[PDB]
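Down below is the structure, laid out as structure tokens.
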Amino acid sequence: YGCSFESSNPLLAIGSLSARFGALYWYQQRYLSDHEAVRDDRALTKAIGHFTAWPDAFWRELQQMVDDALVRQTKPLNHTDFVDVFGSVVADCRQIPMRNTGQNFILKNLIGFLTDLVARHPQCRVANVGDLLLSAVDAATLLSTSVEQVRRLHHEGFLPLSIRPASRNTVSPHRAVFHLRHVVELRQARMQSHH
Amino acid sequence: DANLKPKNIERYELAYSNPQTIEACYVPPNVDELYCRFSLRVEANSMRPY
């Protein structure tokens, strides 16, 4: 009904109401997968405790699935889709309606993590994590901008395309084609703002 | 197309090469000079209709 908080240590304890609503919606689909039992009070009541160690737990949830994915590998990683390892955790960032990083704190932590992941895995002769392919709609989300802007950014040569398409065809938004390390670096280099 | 509509071609589709098969000829390393020769005959044959 209102916020009214002070000494807001948890990442769920600050902000405008729309964000506070979005954070709960996200928590629910992701951890309350059990079918509705109209436990309208009890089901959501737990979300606050959950977030109290967030700055240090979210990363472990992401780390766990890097390893479980790795041991099930069937192709060299540089032809593997980003989605096969992280399971659309990126798309879920779109459920909070705000676009910028300083307000959408879920996206802010996911990017933090990916930047570190790339940093500890530099390029060498054998491919490794960080060379995964992103689709056009994924870069748009990580770069905090609409899709048409990515097409314009490609056209000017600020980033490379890795898969050669056939002639008399087009690459659709859903096709996986940019390397992760290329997107992370470009964003640090030329996409920052006061937000 | 008739300097009118530029064709539909997507950007990446022109970065491709166009392979071809050709014959060529070069002077091999360390030859000092090349020679060319021919012969010529001239006849006084415009004096009368064949």
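Ligands are numbered from 1 in the order shown, chains are lettered A, B, ... in the order of the structure tokens, and residues start at 1 in each chain.
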- Message: With 12 Å as the limit and counting only C-alpha atoms, what residues in chain A lie close to chain B? Please list them as a count of residues only.
- Response: 18
- Task: Quick one: everything within 9 Å of residue 5 (chain A), counting only C-alpha atoms, minus sequence neighbours fewer than 3 positions away in the same chain. Send it as a PyMOL selection string.
- Result: chain A and resi 8+13-14
- Task: Run DSSP on the backbone and give me the residues of chain B it puts in helix (DSSP H, G or I), as a ChimeraX atom specification.
- Result: /B:11-14
Residue 47 (chain A) environment, 8 Å, only C-alpha atoms, sequence neighbours closer than 3 positions dropped, as a JSON list (two decimals) with C-alpha atoms, in the first residue's frame:
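Full text of around.json as output:
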```
[["chain", "number", "residue", "atom", "x", "y", "z"],
["A", 24, "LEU", "CA", 7.48, -10.71, -6.05],
["A", 27, "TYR", "CA", 10.15, -14.88, -7.07],
["A", 44, "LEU", "CA", 4.48, -15.24, -0.54],
["A", 50, "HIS", "CA", 14.91, -15.30, 0.82],
["A", 51, "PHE", "CA", 16.32, -12.00, -0.39]]
```
- Item | Contact residues around residue 58 (chain A) with only C-alpha atoms at 12 Å, ignoring same-chain residues under 2 positions, as a list in words | residues 11, 50, 51, 52, 53, 54, 55, 56, 60, 61, 62, 63, 64, 65, 89, 105, 106, 107, 108, 109, 110, 111, 112 and 113 of chain A
Go ahead and dump the residues you just picked, N, CA, C and O atoms, as an mmCIF file, in the first residue's frame.
```
data_model
loop_
_atom_site.group_PDB
_atom_site.id
_atom_site.type_symbol
_atom_site.label_atom_id
_atom_site.label_comp_id
_atom_site.auth_asym_id
_atom_site.auth_seq_id
_atom_site.Cartn_x
_atom_site.Cartn_y
_atom_site.Cartn_z
ATOM 1 N N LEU A 11 17.832 -6.113 -0.726
ATOM 2 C CA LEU A 11 17.551 -5.576 -2.056
ATOM 3 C C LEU A 11 16.072 -5.470 -2.395
ATOM 4 O O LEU A 11 15.707 -4.779 -3.326
ATOM 5 N N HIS A 50 14.186 -14.783 1.955
ATOM 6 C CA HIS A 50 14.908 -15.300 0.816
ATOM 7 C C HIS A 50 15.899 -14.274 0.322
ATOM 8 O O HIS A 50 17.064 -14.573 0.140
ATOM 9 N N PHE A 51 15.457 -13.036 0.162
ATOM 10 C CA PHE A 51 16.317 -12.004 -0.390
ATOM 11 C C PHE A 51 17.386 -11.493 0.561
ATOM 12 O O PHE A 51 18.218 -10.734 0.117
ATOM 13 N N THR A 52 17.385 -11.883 1.837
ATOM 14 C CA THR A 52 18.306 -11.259 2.812
ATOM 15 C C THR A 52 19.733 -11.612 2.627
ATOM 16 O O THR A 52 20.587 -10.963 3.217
ATOM 17 N N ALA A 53 20.017 -12.677 1.888
ATOM 18 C CA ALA A 53 21.436 -12.939 1.699
ATOM 19 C C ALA A 53 21.628 -12.842 0.211
ATOM 20 O O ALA A 53 22.640 -13.314 -0.256
ATOM 21 N N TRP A 54 20.720 -12.202 -0.527
ATOM 22 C CA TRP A 54 20.825 -12.224 -1.988
ATOM 23 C C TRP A 54 22.167 -11.821 -2.520
ATOM 24 O O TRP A 54 22.642 -12.460 -3.467
ATOM 25 N N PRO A 55 22.730 -10.718 -2.001
ATOM 26 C CA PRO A 55 23.938 -10.356 -2.719
ATOM 27 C C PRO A 55 24.903 -11.520 -2.791
ATOM 28 O O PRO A 55 25.630 -11.574 -3.755
ATOM 29 N N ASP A 56 24.876 -12.452 -1.845
ATOM 30 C CA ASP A 56 25.737 -13.636 -1.920
ATOM 31 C C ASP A 56 25.163 -15.002 -2.258
ATOM 32 O O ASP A 56 25.838 -15.992 -2.090
ATOM 33 N N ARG A 60 25.641 -18.180 -6.503
ATOM 34 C CA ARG A 60 25.873 -19.598 -6.345
ATOM 35 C C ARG A 60 24.844 -20.372 -7.099
ATOM 36 O O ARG A 60 25.143 -21.396 -7.651
ATOM 37 N N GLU A 61 23.625 -19.870 -7.149
ATOM 38 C CA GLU A 61 22.630 -20.516 -7.957
ATOM 39 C C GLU A 61 23.079 -20.516 -9.413
ATOM 40 O O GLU A 61 22.972 -21.522 -10.098
ATOM 41 N N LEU A 62 23.635 -19.423 -9.887
ATOM 42 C CA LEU A 62 24.131 -19.407 -11.242
ATOM 43 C C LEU A 62 25.365 -20.285 -11.468
ATOM 44 O O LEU A 62 25.482 -20.920 -12.485
ATOM 45 N N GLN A 63 26.272 -20.340 -10.511
ATOM 46 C CA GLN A 63 27.483 -21.134 -10.605
ATOM 47 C C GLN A 63 27.138 -22.589 -10.664
ATOM 48 O O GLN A 63 27.716 -23.310 -11.422
ATOM 49 N N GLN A 64 26.149 -23.025 -9.886
ATOM 50 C CA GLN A 64 25.835 -24.449 -9.784
ATOM 51 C C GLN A 64 25.520 -24.989 -11.142
ATOM 52 O O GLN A 64 26.006 -26.016 -11.523
ATOM 53 N N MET A 65 24.810 -24.239 -11.954
ATOM 54 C CA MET A 65 24.391 -24.773 -13.235
ATOM 55 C C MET A 65 25.410 -24.629 -14.349
ATOM 56 O O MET A 65 25.230 -25.196 -15.409
ATOM 57 N N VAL A 89 17.514 -17.518 -17.940
ATOM 58 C CA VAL A 89 17.472 -16.634 -16.793
ATOM 59 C C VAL A 89 17.498 -15.193 -17.267
ATOM 60 O O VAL A 89 16.981 -14.337 -16.595
ATOM 61 N N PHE A 105 17.115 -4.071 -10.025
ATOM 62 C CA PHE A 105 18.216 -4.773 -9.392
ATOM 63 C C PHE A 105 18.464 -6.231 -9.720
ATOM 64 O O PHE A 105 19.520 -6.712 -9.401
ATOM 65 N N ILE A 106 17.479 -6.972 -10.211
ATOM 66 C CA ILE A 106 17.721 -8.351 -10.668
ATOM 67 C C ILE A 106 18.684 -8.440 -11.832
ATOM 68 O O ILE A 106 19.505 -9.315 -11.890
ATOM 69 N N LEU A 107 18.518 -7.562 -12.805
ATOM 70 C CA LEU A 107 19.401 -7.478 -13.959
ATOM 71 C C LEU A 107 20.768 -7.012 -13.559
ATOM 72 O O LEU A 107 21.748 -7.447 -14.089
ATOM 73 N N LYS A 108 20.842 -6.082 -12.632
ATOM 74 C CA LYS A 108 22.110 -5.580 -12.176
ATOM 75 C C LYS A 108 22.996 -6.676 -11.639
ATOM 76 O O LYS A 108 24.172 -6.664 -11.925
ATOM 77 N N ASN A 109 22.473 -7.593 -10.831
ATOM 78 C CA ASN A 109 23.263 -8.714 -10.339
ATOM 79 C C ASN A 109 23.621 -9.767 -11.365
ATOM 80 O O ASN A 109 24.672 -10.355 -11.271
ATOM 81 N N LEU A 110 22.747 -10.040 -12.322
ATOM 82 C CA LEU A 110 23.108 -10.942 -13.362
ATOM 83 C C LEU A 110 24.210 -10.444 -14.177
ATOM 84 O O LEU A 110 25.166 -11.192 -14.427
ATOM 85 N N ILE A 111 24.220 -9.173 -14.533
ATOM 86 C CA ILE A 111 25.372 -8.668 -15.265
ATOM 87 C C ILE A 111 26.574 -8.698 -14.463
ATOM 88 O O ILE A 111 27.568 -9.122 -14.976
ATOM 89 N N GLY A 112 26.549 -8.366 -13.206
ATOM 90 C CA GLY A 112 27.748 -8.438 -12.402
ATOM 91 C C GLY A 112 28.475 -9.748 -12.491
ATOM 92 O O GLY A 112 29.693 -9.883 -12.773
ATOM 93 N N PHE A 113 27.662 -10.779 -12.366
ATOM 94 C CA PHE A 113 28.144 -12.131 -12.431
ATOM 95 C C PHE A 113 28.787 -12.439 -13.750
ATOM 96 O O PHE A 113 29.903 -12.918 -13.741
#
```
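Take CA of residue 81 (chain A) and CA of residue 132 (chain A): the distance between them is 5.8 Å.
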- Using only C-alpha atoms, determine which residues lie at most 12 Å from residue 1 (chain A), disregarding the query and same-chain residues fewer than 4 positions distant; provide the list as a list in words.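 The neighbour list is residues 16, 17, 18, 20 and 21 of chain A.
Atom pair CA of residue 84 (chain A) / CA of residue 100 (chain A): separated by 26.3 Å.
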- Counting only C-alpha atoms, what is within 10 Å of residue 195 (chain A), bar same-chain residues fewer than 4 positions away, as a list in words?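 Returned residues: residues 100, 101, 102 and 103 of chain A.
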- Item | In region 5-186 of chain A, DSSP strand (DSSP E) residues written as a list in words |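 Secondary structure check on region 5-186 of chain A, strand (DSSP E): residues 133, 134, 135, 176, 177, 178 and 179 of chain A.
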- Message: Just want the 12 Å neighbourhood of residue 29 (chain A), counted on only C-alpha atoms, with same-chain residues fewer than 3 positions away dropped. Output as an NGL selection string.
- Response: :A and (22-26 or 32-36 or 43-44 or 47 or 89 or 92 or 95)
